[PDB]
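Cβ: placed from backbone, ideal geometry, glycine included. Neighbour counts: every protein chain shown. Every read-out reported here was derived from the displayed coordinates using simple, explicitly stated rules and does not represent laboratory data.
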Amino acid sequence: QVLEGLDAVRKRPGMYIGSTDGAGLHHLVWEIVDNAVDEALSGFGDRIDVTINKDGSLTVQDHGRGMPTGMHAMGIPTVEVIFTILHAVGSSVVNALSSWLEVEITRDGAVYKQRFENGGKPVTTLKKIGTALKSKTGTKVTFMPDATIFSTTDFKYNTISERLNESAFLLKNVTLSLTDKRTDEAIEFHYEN
Ligand SMILES: C=CCNC(=O)Nc1nc2cc(-c3cccnc3)c(=O)n(CCC(C)C)c2s1
């Protein structure tokens, strides 16, 4: 397996997300959402909240275990490795195609954050920013799609709502929410089995 950096994604985005139109833009949402859904399917977390922010960015929040907060080689956080090496995989592809991205992790009584800019270059390490109850766990990913790559950077509420509805139906017993801060629209989906 040949590992690559984020420049490879930026030079051939269609190879990773199919296209650079609205379909590709929304693939970025699906990758992040799917990672939160995988975590819930494994039994960690019973709600997944998606927000379309007024500035054009998009946030996904889960209440799963929290991405690992430790280090890989050479003092590099595991989360930085997840977000910056392409195993050619969604997290690194979204980072590559974002003008900025923030990941916030909560676990073990601590809240940590790392910020990337300009196609996924870290501008901070994984920094402890605060504290939380020892019981509190999860991951939050916010990203701004790169307007230099996509033909449209307008997330579509109806498109996202349909996909989260479907994902709630497949998962069971997990609430998926969508809030649009541009229009104030909001919806929740939950299917009990
Ligand atoms: C909110 C937006 C998106 N949501 C997520 O990405 N949520 C996640 N939760 C976890 C929990 C654990 C994990 C496993 C084993 C033990 N403790 C934590 C973990 O390894 N991951 C990395 C999996 C791959 C992305 C490397 C994640 S990714």
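Computed quantities for the displayed model
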read-out	value
Most positive-pole-ward Cα, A40, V141, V123, against dipole of the chain from beta carbon charges	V123
Shape category assigned to region 127-193 from the gyration tensor of Cα positions, a/c cut at 1.5	oblate
Three-way shape label, the chain, alpha-carbon gyration tensor, a/c 1.5	oblate
Value of [θ]222 nm, deg cm²/dmol, for the chain, DSSP H segments ≥ 4, -39500 (n - 2.57) each, nearest 500	-9000 deg cm²/dmol
Backbone HN-Hα couplings from phi across region 128-141 [Karplus 6.51/-1.76/1.60, Hz, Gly and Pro as x]	6, 10, x, 10, 8, 3, 4, 5, 8, 9, x, 10, 10, 10
Among 125-135, 29-39, the order from most to least packed when residues are scored by Cβ within 10 Å on average	29-39, 125-135
Non-local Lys pairs in the chain, i.e. 8 or more apart or on different chains, that have alpha carbons under 25 Å apart	24
Amide H contacts under 5 Å for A110, placed H, 5+ residues apart	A132
Region 154-193: GluC sites (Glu not before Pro) falling in loop per DSSP and having at most 15 other Cβ within 10 Å	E185, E192
Region 60-102 and region 118-142: distance between their alpha carbon centers, rounded to Å	10 Å
Computed magnitude of the charge dipole of the chain (debye, nearest 20; Cβ of K, R +1, Cβ of D, E -1)	640 debye
Of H72, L178, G5, farthest towards positive along the dipole that unit charges on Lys, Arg, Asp, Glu beta carbons give the chain	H72
